[PDB]
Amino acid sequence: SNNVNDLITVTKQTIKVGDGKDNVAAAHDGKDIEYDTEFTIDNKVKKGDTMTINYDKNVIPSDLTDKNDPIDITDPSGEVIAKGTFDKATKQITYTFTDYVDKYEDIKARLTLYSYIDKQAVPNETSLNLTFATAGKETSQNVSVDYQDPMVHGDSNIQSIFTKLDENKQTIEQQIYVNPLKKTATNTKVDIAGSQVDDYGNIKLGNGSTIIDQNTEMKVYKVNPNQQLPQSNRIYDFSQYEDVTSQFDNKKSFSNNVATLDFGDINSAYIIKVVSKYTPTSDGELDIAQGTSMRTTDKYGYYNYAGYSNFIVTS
């Protein structure tokens, strides 16, 4: 048994920003990174031999979990050419060839892997050089990390993402930025609903779900005028923020899987951390959707509504 990278000829390999919604196996809002590679395998290659694939230092196979089990290399009919394991330390997949390389000759293959930008290493929008490898053969692509923009309607401005999924305890962590433009906002109500929500806060039932109620964990933090939030929408160190949770003890109400936080008149940004429970489908898949909205009142007394919605739907 031996490493046969040298016996792998790389025919094509491209790196591009893709849309997470198109990752059918694990669909979620936001952008991903797509590594598409094609190669032929020398006939001398045999079962138990190995080749490797290298991820860029700044990506991870999933940015919601550590279930880092890579997809098999398969032929067009889905027959398995090789099974892989991910090494987090080296950021490299080691693929082990099955008997397929013994049953067949002049084998060629295609592999498309999905990964995600490490939001801790890349907290803000920038351009960055990514480097992957098939069988030690490297390619590099410059991409631009776009992060999402807040949805803004008058003074209502809001955005959110999922940051962490725990399949064992069946919870999902969502981080919400309230008034990240640090506007002056009057009679601010923030809703968190265990359902999809459109850009104007209208709740859309049936398209995924979480449980939002009394027991849902909900921390709130106030941001200083001089602190700028990571455009990634993901906070890694809450110590640096003023924890104002207990001030919402008597400004929280629950009705039909929706939480309402009475923020009142405000002039700062806030962060909400929500850890909520979900229920997987009967077939064991995921169908998580959770949304938030900000309502403010403008100088003429009209309501303005801004909504934001995240999801995870697997297959």
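From 1 onward, residues are counted along the sequence shown.
A summary of the deposited B-factors shows that, of 250-258 and 267-275, the stretch with the larger mean C-alpha value is 250-258. Judged by mean Cα B factor in the deposited record, 61-69 ranks above the other of 61-69 and 37-45.
If you compare the C-alpha temperature factors of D213, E173, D199, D118 in the entry, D213 comes out highest. Which of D102, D191, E167, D155 has the largest Cα B-factor in the deposited entry comes down to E167. Per-chain ranking of the deposited C-alpha B factor places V145 in the highest third. Annotation for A26: C-alpha temperature factor in the highest third relative to the rest of the modelled chain, per the entry. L181 sits in the middle third of its chain by CA B factor, as recorded in the PDB entry. In this PDB entry, the Cα temperature factor of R234 sits in the bottom third of its chain's modelled residues, the lowest group. Per-chain ranking of the deposited C-alpha B factor places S293 in the lowest third.
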